[PDB]
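The block underneath contains the structure these notes are about, expressed in structure tokens.
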Amino acid sequence: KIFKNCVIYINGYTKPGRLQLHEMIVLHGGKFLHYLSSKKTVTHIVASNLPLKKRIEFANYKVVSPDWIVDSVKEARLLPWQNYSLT
């Protein structure tokens, strides 16, 4: 349960796909959102890249590549989000 206390919102197209990532998230203790509510709930946003508008919309969120999830799972430990930050 490496993703305990993580609440993840996936934005845009990703590899692996959102459904596969959602499985990995809930399989390892975390939650995901279908709708980006606010920073009250969301702990991390996952995205492959960010058009300027999204870089503005998601400023001061932790925005990380999907590798963060994949790599943390393979290592069986929560890797530092900063290593995978887009910004």
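Values in this text are rule-based calculations from the coordinates and carry no lab data. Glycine also receives a Cβ, built like all others from the backbone with ideal geometry; neighbour counts cover every protein chain displayed.
Might you let me know whether segment 65-72 holds any residue that is β-branched (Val, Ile, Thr) and part of a helix (DSSP H, G or I)?
yes
Do we have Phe3 as among the aromatic types (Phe, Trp, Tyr) and assigned to a strand (DSSP E or B) here?
Numbers: among the aromatic types (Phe, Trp, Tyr): yes; assigned to a strand (DSSP E or B): no.
In short, no.
Taking only segment 45-87 into account, find how many residues are free of Cβ contacts under 8 Å to residues at least 40 places away in the same chain, surrounded by fewer than 18 Cβ atoms within 10 Å (Cβ to Cβ), under 15 Å from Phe3 (Cα atoms) and basic (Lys, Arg).
Of the residues in that region, 1 qualify.
Here are some conditions: (1) part of a loop (DSSP other than H, G, I, E, B); (2) within 15 Å of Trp81 (Cα to Cα). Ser37 meets all but one. Which one does it not meet?
(2)
Can you tell me which residue is surrounded by the fewest Cβ atoms within 10 Å (Cβ to Cβ) among those in segment 1-16 that are over 20 Å from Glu75 (Cα atoms) and either of a type outside the set (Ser, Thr, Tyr) or out of contact with any strand residue (DSSP E or B) (no Cβ under 8 Å at 6 or more places or on another chain) (or both)?
Of everything passing the filter in segment 1-16, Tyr13 is surrounded by the fewest Cβ atoms within 10 Å (Cβ to Cβ).
Exactly one of these conditions fails for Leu86: (1) within 16 Å of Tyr13 (Cα to Cα); (2) touching a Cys at 6+ places or on another chain (Cβ under 6 Å). Give me its number.
Of (1) within 16 Å of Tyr13 (Cα to Cα); (2) touching a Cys at 6+ places or on another chain (Cβ under 6 Å), only one is false for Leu86: (2).
Please go through segment 36-67 and pick out each residue that is β-branched (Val, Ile, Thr) and within 9 Å of the chain's Cα centre (by Cα).
Within segment 36-67, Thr43, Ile45, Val46, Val63, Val64 meet the criteria.
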